[PDB]
>>> print(open('my_file-v2.csv').read())   # CSV, C-alpha atoms
chain,number,residue,atom,x,y,z
P,75,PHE,CA,148.3,118.8,70.4
P,76,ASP,CA,150.9,118.7,73.2
P,77,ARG,CA,150.5,116.4,76.2
P,78,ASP,CA,149.3,119.3,78.5
P,79,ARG,CA,146.4,120.1,76.2
P,80,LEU,CA,145.3,116.5,75.8
P,81,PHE,CA,145.3,115.7,79.5
P,82,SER,CA,143.3,118.9,80.2
P,83,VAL,CA,140.8,118.0,77.5
P,84,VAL,CA,140.5,114.4,78.7
P,85,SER,CA,140.3,115.4,82.4
P,86,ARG,CA,137.3,117.6,81.6
P,87,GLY,CA,135.7,114.7,79.6
P,88,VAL,CA,135.1,116.8,76.5
P,89,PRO,CA,135.6,114.5,73.4
P,90,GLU,CA,134.8,117.3,71.0
P,91,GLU,CA,138.1,119.0,71.8
P,92,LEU,CA,139.9,115.9,70.4
P,93,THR,CA,139.1,117.2,66.9
P,94,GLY,CA,142.3,116.9,64.8
P,95,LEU,CA,144.1,114.6,67.2
P,96,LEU,CA,144.0,111.6,64.9
P,97,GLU,CA,145.1,113.7,61.9
P,98,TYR,CA,148.0,115.1,63.9
P,99,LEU,CA,149.1,111.6,65.0
P,100,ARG,CA,148.9,110.1,61.5
P,101,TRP,CA,150.7,113.0,59.8
P,102,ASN,CA,153.5,112.8,62.3
P,103,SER,CA,153.5,108.9,62.6
P,104,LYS,CA,152.9,109.2,66.4
P,105,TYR,CA,150.9,107.2,69.0
P,106,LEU,CA,149.1,108.2,72.2
P,107,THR,CA,151.4,105.7,74.0
P,108,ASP,CA,154.6,107.7,72.9
P,109,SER,CA,156.8,109.3,75.6
P,110,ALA,CA,155.5,112.7,74.4
P,111,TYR,CA,151.9,112.0,75.4
P,112,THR,CA,152.9,110.2,78.6
P,113,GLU,CA,153.7,111.8,81.9
P,114,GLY,CA,157.6,111.5,82.1
P,115,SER,CA,158.0,109.9,85.5
P,116,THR,CA,154.9,107.6,85.8
P,117,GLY,CA,153.9,106.7,82.3
P,118,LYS,CA,150.4,107.9,83.1
P,119,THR,CA,148.5,108.0,79.7
P,120,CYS,CA,145.6,110.1,78.6
P,121,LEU,CA,143.3,107.0,78.9
P,122,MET,CA,144.4,106.5,82.5
P,123,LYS,CA,143.8,110.2,83.1
P,124,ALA,CA,140.3,109.7,81.6
P,125,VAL,CA,139.4,106.8,83.9
P,126,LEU,CA,140.8,108.7,86.9
P,127,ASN,CA,138.2,111.5,86.1
P,128,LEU,CA,135.1,109.4,85.9
P,129,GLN,CA,131.8,111.2,86.2
P,130,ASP,CA,129.1,108.8,87.6
P,131,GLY,CA,130.9,105.6,86.2
P,132,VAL,CA,131.7,107.2,82.8
P,133,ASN,CA,134.0,109.6,80.9
P,134,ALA,CA,133.1,110.4,77.3
P,135,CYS,CA,136.7,110.7,76.2
P,136,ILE,CA,137.2,107.0,76.8
P,137,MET,CA,135.8,105.4,73.7
P,138,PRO,CA,137.1,108.3,71.4
P,139,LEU,CA,140.6,107.7,72.9
P,140,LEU,CA,140.3,104.0,72.1
P,141,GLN,CA,139.0,104.7,68.6
P,142,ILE,CA,141.7,107.3,67.8
P,143,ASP,CA,144.3,104.9,69.1
P,144,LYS,CA,143.0,102.1,66.9
P,145,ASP,CA,142.6,104.4,63.9
P,146,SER,CA,146.1,105.8,64.5
P,147,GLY,CA,147.3,102.2,63.8
P,148,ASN,CA,149.1,101.9,67.2
P,149,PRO,CA,151.2,98.7,67.4
P,150,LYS,CA,151.2,98.8,71.2
P,151,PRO,CA,147.5,99.6,72.0
P,152,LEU,CA,146.9,102.4,74.5
P,153,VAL,CA,144.3,100.2,76.3
P,154,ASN,CA,147.2,98.0,77.7
P,155,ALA,CA,149.7,100.7,78.6
P,156,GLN,CA,151.0,100.4,82.2
P,157,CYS,CA,152.5,102.8,84.7
P,158,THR,CA,156.2,102.7,84.8
P,159,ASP,CA,157.3,104.4,88.1
P,160,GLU,CA,158.2,102.5,91.3
P,161,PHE,CA,155.0,103.3,93.1
P,162,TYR,CA,152.3,102.6,90.5
P,163,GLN,CA,154.3,100.0,88.5
P,164,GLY,CA,152.1,97.9,86.2
P,165,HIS,CA,148.9,99.9,86.9
P,166,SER,CA,146.6,99.9,83.9
P,167,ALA,CA,143.4,101.7,83.0
P,168,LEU,CA,141.5,98.4,83.8
P,169,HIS,CA,142.9,98.4,87.4
P,170,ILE,CA,141.8,102.1,87.8
P,171,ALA,CA,138.4,101.3,86.4
P,172,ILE,CA,138.0,98.5,89.1
P,173,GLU,CA,139.4,100.8,91.9
P,174,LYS,CA,136.7,103.3,90.8
P,175,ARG,CA,134.1,100.5,91.1
P,176,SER,CA,132.8,101.1,87.6
P,177,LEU,CA,131.5,98.0,85.7
P,178,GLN,CA,130.5,100.3,82.8
P,179,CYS,CA,134.1,101.3,82.4
P,180,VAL,CA,135.5,97.8,82.9
P,181,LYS,CA,133.2,96.5,80.0
P,182,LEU,CA,134.2,99.4,77.7
P,183,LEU,CA,137.9,98.5,78.4
P,184,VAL,CA,137.6,94.7,78.0
P,185,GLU,CA,135.4,95.0,74.9
P,186,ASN,CA,138.2,97.0,73.4
P,187,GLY,CA,141.2,94.7,74.1
P,188,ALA,CA,142.0,95.2,77.8
P,189,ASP,CA,144.4,92.4,78.9
P,190,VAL,CA,142.7,91.1,82.0
P,191,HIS,CA,145.9,89.5,83.4
P,192,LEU,CA,148.2,92.7,83.7
P,193,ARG,CA,149.9,92.9,87.2
P,194,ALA,CA,149.9,96.1,89.3
P,195,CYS,CA,152.9,95.4,91.5
P,196,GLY,CA,154.1,98.9,92.5
P,197,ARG,CA,155.4,99.8,96.0
P,198,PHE,CA,152.0,101.4,97.0
P,199,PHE,CA,150.2,98.0,96.6
P,200,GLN,CA,152.4,95.7,98.8
P,207,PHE,CA,146.8,97.7,100.2
P,208,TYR,CA,148.0,94.5,98.5
P,209,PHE,CA,145.3,92.8,96.5
P,210,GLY,CA,147.1,90.2,94.5
P,211,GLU,CA,148.1,92.5,91.6
P,212,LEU,CA,145.6,91.0,89.1
P,213,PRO,CA,142.3,92.7,88.0
P,214,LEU,CA,140.3,89.7,89.1
P,215,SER,CA,142.0,89.6,92.6
P,216,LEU,CA,141.5,93.3,93.0
P,217,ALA,CA,137.8,92.9,92.1
P,218,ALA,CA,137.4,90.0,94.5
P,219,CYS,CA,139.4,91.7,97.4
P,220,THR,CA,137.2,94.8,97.1
P,221,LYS,CA,134.0,92.6,97.0
P,222,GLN,CA,132.8,93.8,93.6
P,223,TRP,CA,130.5,91.0,92.5
P,224,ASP,CA,129.3,92.6,89.3
P,225,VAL,CA,133.0,93.1,88.1
P,226,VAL,CA,134.2,89.7,89.3
P,227,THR,CA,131.5,87.8,87.4
P,228,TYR,CA,132.0,90.1,84.3
P,229,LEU,CA,135.8,89.3,84.3
P,230,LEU,CA,135.1,85.6,84.7
P,231,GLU,CA,132.3,85.2,82.1
P,232,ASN,CA,132.8,87.8,79.4
P,233,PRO,CA,133.4,86.5,75.9
P,234,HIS,CA,136.3,88.8,75.0
P,235,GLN,CA,139.0,88.1,77.6
P,236,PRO,CA,137.8,85.8,80.5
P,237,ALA,CA,140.0,86.1,83.6
P,238,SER,CA,141.6,82.9,84.8
P,239,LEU,CA,141.0,81.8,88.5
P,240,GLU,CA,144.4,80.0,88.3
P,241,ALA,CA,146.4,83.1,87.4
P,242,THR,CA,149.1,84.0,89.9
P,243,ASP,CA,150.9,87.2,90.8
P,244,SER,CA,154.6,87.9,91.3
P,245,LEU,CA,154.3,86.2,94.8
P,246,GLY,CA,152.7,83.1,93.3
P,247,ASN,CA,149.3,84.1,94.9
P,248,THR,CA,146.0,83.3,93.4
P,249,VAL,CA,142.9,85.3,94.0
P,250,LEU,CA,142.3,82.8,96.9
P,251,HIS,CA,145.6,83.7,98.6
P,252,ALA,CA,144.8,87.4,98.0
P,253,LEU,CA,141.6,87.0,99.9
P,254,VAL,CA,143.3,85.3,102.8
P,255,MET,CA,145.7,88.3,102.8
P,256,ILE,CA,143.0,90.9,103.0
P,257,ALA,CA,140.8,89.1,105.6
P,258,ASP,CA,140.3,90.9,109.0
P,259,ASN,CA,139.5,88.7,111.9
P,260,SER,CA,136.3,90.7,112.4
P,261,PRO,CA,133.1,88.5,112.3
P,262,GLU,CA,131.3,90.6,109.6
P,263,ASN,CA,134.3,91.1,107.3
P,264,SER,CA,135.3,87.5,107.4
P,265,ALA,CA,131.7,86.4,106.6
P,266,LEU,CA,131.8,88.6,103.4
P,267,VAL,CA,135.3,87.4,102.4
P,268,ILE,CA,134.1,83.7,102.9
P,269,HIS,CA,131.2,84.4,100.5
P,270,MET,CA,133.7,85.7,98.0
P,271,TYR,CA,136.1,82.7,98.5
P,272,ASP,CA,133.2,80.2,98.2
P,273,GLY,CA,131.6,82.0,95.3
P,274,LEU,CA,134.7,82.0,93.2
P,275,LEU,CA,135.2,78.3,93.9
P,276,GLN,CA,131.5,77.5,93.1
P,277,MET,CA,132.0,79.4,89.8
P,278,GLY,CA,135.3,77.5,89.3
P,279,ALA,CA,133.5,74.1,89.5
P,280,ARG,CA,131.8,75.3,86.3
P,281,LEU,CA,134.6,77.3,84.7
P,282,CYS,CA,137.5,75.1,85.5
P,283,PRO,CA,135.8,71.8,86.4
P,284,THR,CA,139.0,69.7,87.1
P,285,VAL,CA,141.3,72.2,88.8
P,286,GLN,CA,142.0,72.0,92.6
P,287,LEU,CA,142.4,75.8,93.1
P,288,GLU,CA,142.9,75.4,96.8
P,289,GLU,CA,145.9,73.2,96.3
P,290,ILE,CA,147.8,75.9,94.4
P,291,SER,CA,150.8,77.0,96.5
P,292,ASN,CA,152.8,80.2,96.9
P,293,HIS,CA,156.4,81.0,96.0
P,294,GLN,CA,156.7,80.5,99.8
P,295,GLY,CA,155.2,77.0,99.4
P,296,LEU,CA,151.9,78.1,101.0
P,297,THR,CA,148.4,77.0,99.9
P,298,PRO,CA,145.6,79.3,100.9
P,299,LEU,CA,145.0,77.0,104.0
P,300,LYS,CA,148.7,77.2,105.1
P,301,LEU,CA,148.8,80.9,104.3
P,302,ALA,CA,145.7,81.4,106.5
P,303,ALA,CA,147.5,79.7,109.4
P,304,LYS,CA,150.7,81.8,108.8
P,305,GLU,CA,148.7,85.1,108.9
P,306,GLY,CA,146.7,84.4,112.1
P,307,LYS,CA,143.4,84.2,110.1
P,308,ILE,CA,141.5,81.7,112.3
P,309,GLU,CA,138.0,82.1,110.8
P,310,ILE,CA,139.2,81.8,107.2
P,311,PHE,CA,141.5,78.9,108.2
P,312,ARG,CA,138.7,76.9,109.9
P,313,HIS,CA,136.4,77.6,107.0
P,314,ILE,CA,138.9,76.4,104.4
P,315,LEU,CA,139.3,73.1,106.4
P,316,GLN,CA,135.6,72.3,106.6
P,317,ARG,CA,135.5,72.7,102.8
P,318,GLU,CA,137.7,69.6,102.7
P,319,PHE,CA,136.0,67.9,105.7
>>> encode(input="my_file-v2.csv", output="structure tokens")
Amino acid sequence: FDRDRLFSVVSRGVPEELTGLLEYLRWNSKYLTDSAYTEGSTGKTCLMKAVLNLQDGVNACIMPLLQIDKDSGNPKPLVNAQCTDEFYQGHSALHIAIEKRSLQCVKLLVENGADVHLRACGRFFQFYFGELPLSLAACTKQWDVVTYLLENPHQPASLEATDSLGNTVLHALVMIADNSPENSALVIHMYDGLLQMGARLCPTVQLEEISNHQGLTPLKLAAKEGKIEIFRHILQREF
């Protein structure tokens, strides 16, 4: 089992061809997160390759890979491996699952130890979505994934979490807003929805008062970016 074979196998979504992988790993004291099983420039793992080749929301190598990884006794679980190159830095299988708009796959990953606060901060994403799984799910308007991330019993995502810019999901939404009537309406429903859920999930937290590394709340950030409709909406929330 060299890397080439595994990635081929996994790309084709044929779990049956993983026969002997576990034995090979345990015999040699190796893990699927090892340099050897990782693409040398990017750190792209076999599980990432799997989620990149989803067929109709699924890929039948995914759970086998997770199980083999667990059974191999891996100290640094494959589920939370991150891309290492400049362009995709921090990108995890969970981010790819959300980009692919697959709730099925998000669940499978989270149920098996996905860290819901890993940051994708590479040069390609500066579109920028706030580097966090929840902020990506919100920015791409995925209601089913957003509520799963917030409510699941394994690893609930925090609405207060911030990225390397100090941005919450609320700042991220301000960032992706267009000034088109229909887009801003949808972004407003997401902004309000998250806050409505926050009144229940974090009853005491003033999420809209959290400010940036640039000292900007979502309101002030909205003003800075020229986002009139979002700005005026955030104000009427107060008043």
>>> atom_distance(input="my_file-v2.csv", atom1="CA of residue 100 (chain P)", atom2="CA of residue 149 (chain P)")
13.0 Å
>>> closest_residue(input="my_file-v2.csv", among="P:96, P:124, P:136, P:265", to="residue 81 (chain P)", atoms="only C-alpha atoms")
P:124
>>> closest_residue(input="my_file-v2.csv", among="P:194, P:177, P:172, P:257", to="residue 159 (chain P)", atoms="all atoms listed in the file")
P:194
>>> atom_distance(input="my_file-v2.csv", atom1="CA of residue 299 (chain P)", atom2="CA of residue 245 (chain P)")
16.0 Å
>>> residues_around(input="my_file-v2.csv", residues="residue 144 (chain P)", least_positions_apart="5", cutoff="10 Å", atoms="only C-alpha atoms", output="ChimeraX atom specification")
/P:96,105,138-139,149-153,186
>>> atom_distance(input="my_file-v2.csv", atom1="CA of residue 310 (chain P)", atom2="CA of residue 197 (chain P)")
26.7 Å
>>> residues_near_point(input="my_file-v2.csv", point="(139.8, 93.5, 97.5)", cutoff="10 Å", atoms="only C-alpha atoms", output="NGL selection string")
:P and (172-173 or 207-210 or 213-222 or 249 or 252-253 or 255-257 or 267 or 270)
>>> closest_residue(input="my_file-v2.csv", among="P:280, P:104, P:313, P:181", to="residue 234 (chain P)", atoms="only C-alpha atoms")
P:181
>>> residues_around(input="my_file-v2.csv", residues="residue 155 (chain P)", least_positions_apart="3", cutoff="10 Å", atoms="only C-alpha atoms", output="list in words")
residues 106, 107, 117, 118, 119, 121, 122, 150, 151, 152, 158, 164, 165, 166, 167, 168, 188, 189 and 192 of chain P
>>> residues_around(input="my_file-v2.csv", residues="residue 312 (chain P)", least_positions_apart="5", cutoff="10 Å", atoms="all atoms listed in the file", output="JSON, numbers by chain")
{"P": [299, 302, 303, 307, 317]}
>>> closest_residue(input="my_file-v2.csv", among="P:114, P:233, P:306, P:283", to="residue 78 (chain P)", atoms="all atoms listed in the file")
P:114
>>> closest_residue(input="my_file-v2.csv", among="P:244, P:238, P:129, P:263", to="residue 287 (chain P)", atoms="all atoms listed in the file")
P:238
>>> closest_residue(input="my_file-v2.csv", among="P:178, P:248, P:163, P:82", to="residue 212 (chain P)", atoms="only C-alpha atoms")
P:248
>>> decode(input="my_file-v2.csv", residues="region 231-259 of chain P", atoms="N, CA, C and O atoms", output="CSV table (one decimal), in the first residue's frame")
chain,number,residue,atom,x,y,z
P,231,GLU,N,-26.2,22.4,17.0
P,231,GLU,CA,-27.1,21.6,17.9
P,231,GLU,C,-26.6,20.2,18.1
P,231,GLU,O,-27.1,19.5,19.0
P,232,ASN,N,-25.6,19.7,17.4
P,232,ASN,CA,-25.3,18.3,17.5
P,232,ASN,C,-24.7,18.0,18.9
P,232,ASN,O,-24.1,18.9,19.5
P,233,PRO,N,-24.8,16.8,19.4
P,233,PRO,CA,-24.4,16.5,20.7
P,233,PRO,C,-22.8,16.1,20.8
P,233,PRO,O,-22.3,16.0,22.0
P,234,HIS,N,-22.1,16.1,19.7
P,234,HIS,CA,-20.8,15.6,19.7
P,234,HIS,C,-19.8,16.7,19.9
P,234,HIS,O,-18.9,16.7,20.7
P,235,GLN,N,-19.9,17.8,19.1
P,235,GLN,CA,-19.0,18.9,19.0
P,235,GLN,C,-19.8,20.1,18.6
P,235,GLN,O,-19.8,20.5,17.4
P,236,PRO,N,-20.6,20.8,19.5
P,236,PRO,CA,-21.4,21.9,19.0
P,236,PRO,C,-20.5,23.1,18.7
P,236,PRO,O,-19.5,23.3,19.4
P,237,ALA,N,-20.7,23.8,17.6
P,237,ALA,CA,-19.9,24.9,17.2
P,237,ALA,C,-20.3,26.1,18.0
P,237,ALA,O,-21.4,26.2,18.3
P,238,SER,N,-19.3,26.9,18.4
P,238,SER,CA,-19.6,28.1,19.1
P,238,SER,C,-19.8,29.4,18.2
P,238,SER,O,-19.0,29.7,17.4
P,239,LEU,N,-20.9,30.0,18.4
P,239,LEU,CA,-21.2,31.3,17.7
P,239,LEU,C,-20.2,32.4,18.0
P,239,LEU,O,-20.1,33.3,17.2
P,240,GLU,N,-19.6,32.3,19.2
P,240,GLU,CA,-18.6,33.3,19.7
P,240,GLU,C,-17.2,33.0,19.1
P,240,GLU,O,-16.3,33.8,19.3
P,241,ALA,N,-17.0,31.9,18.4
P,241,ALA,CA,-15.6,31.6,17.9
P,241,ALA,C,-15.2,32.6,16.9
P,241,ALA,O,-16.0,33.1,16.2
P,242,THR,N,-13.9,32.9,16.9
P,242,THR,CA,-13.4,34.0,16.0
P,242,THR,C,-12.2,33.4,15.2
P,242,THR,O,-11.5,32.5,15.6
P,243,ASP,N,-12.0,33.9,14.0
P,243,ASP,CA,-10.9,33.5,13.1
P,243,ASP,C,-9.7,34.3,13.3
P,243,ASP,O,-9.6,35.1,14.3
P,244,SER,N,-8.7,34.2,12.5
P,244,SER,CA,-7.4,34.9,12.7
P,244,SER,C,-7.5,36.4,12.5
P,244,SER,O,-6.5,37.1,12.7
P,245,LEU,N,-8.6,36.9,12.0
P,245,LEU,CA,-8.9,38.3,11.9
P,245,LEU,C,-9.7,38.8,13.1
P,245,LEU,O,-10.0,40.0,13.1
P,246,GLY,N,-10.1,37.9,14.0
P,246,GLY,CA,-11.0,38.3,15.0
P,246,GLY,C,-12.4,38.3,14.7
P,246,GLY,O,-13.3,38.8,15.4
P,247,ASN,N,-12.8,37.9,13.5
P,247,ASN,CA,-14.1,37.8,13.0
P,247,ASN,C,-15.0,36.7,13.4
P,247,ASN,O,-14.6,35.5,13.2
P,248,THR,N,-16.2,37.0,13.9
P,248,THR,CA,-17.2,36.0,14.2
P,248,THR,C,-17.9,35.7,12.9
P,248,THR,O,-17.8,36.4,11.8
P,249,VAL,N,-18.8,34.7,12.9
P,249,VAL,CA,-19.7,34.4,11.8
P,249,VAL,C,-20.5,35.6,11.4
P,249,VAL,O,-20.8,35.8,10.2
P,250,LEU,N,-20.8,36.5,12.3
P,250,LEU,CA,-21.5,37.7,12.0
P,250,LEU,C,-20.7,38.7,11.2
P,250,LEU,O,-21.3,39.3,10.2
P,251,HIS,N,-19.4,38.9,11.5
P,251,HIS,CA,-18.5,39.7,10.7
P,251,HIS,C,-18.4,39.0,9.3
P,251,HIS,O,-18.3,39.8,8.3
P,252,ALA,N,-18.3,37.7,9.3
P,252,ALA,CA,-18.1,37.0,8.0
P,252,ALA,C,-19.2,37.3,7.1
P,252,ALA,O,-19.0,37.5,5.9
P,253,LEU,N,-20.5,37.3,7.6
P,253,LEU,CA,-21.7,37.6,6.8
P,253,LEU,C,-21.7,39.0,6.3
P,253,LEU,O,-22.1,39.2,5.1
P,254,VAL,N,-21.3,39.9,7.1
P,254,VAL,CA,-21.1,41.3,6.6
P,254,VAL,C,-20.1,41.3,5.4
P,254,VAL,O,-20.4,42.0,4.5
P,255,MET,N,-19.0,40.6,5.6
P,255,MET,CA,-18.0,40.5,4.5
P,255,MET,C,-18.5,39.9,3.2
P,255,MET,O,-18.1,40.4,2.1
P,256,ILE,N,-19.4,39.0,3.2
P,256,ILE,CA,-19.9,38.3,2.0
P,256,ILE,C,-21.1,38.9,1.4
P,256,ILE,O,-21.5,38.6,0.3
P,257,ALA,N,-21.8,39.8,2.2
P,257,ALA,CA,-22.9,40.6,1.7
P,257,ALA,C,-22.6,41.3,0.3
P,257,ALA,O,-21.5,41.8,0.2
P,258,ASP,N,-23.5,41.2,-0.6
P,258,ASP,CA,-23.6,42.0,-1.8
P,258,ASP,C,-24.6,43.1,-1.4
P,258,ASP,O,-25.3,43.0,-0.5
P,259,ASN,N,-24.6,44.2,-2.2
P,259,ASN,CA,-25.6,45.2,-2.0
P,259,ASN,C,-26.9,45.0,-2.9
P,259,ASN,O,-27.7,45.9,-3.0
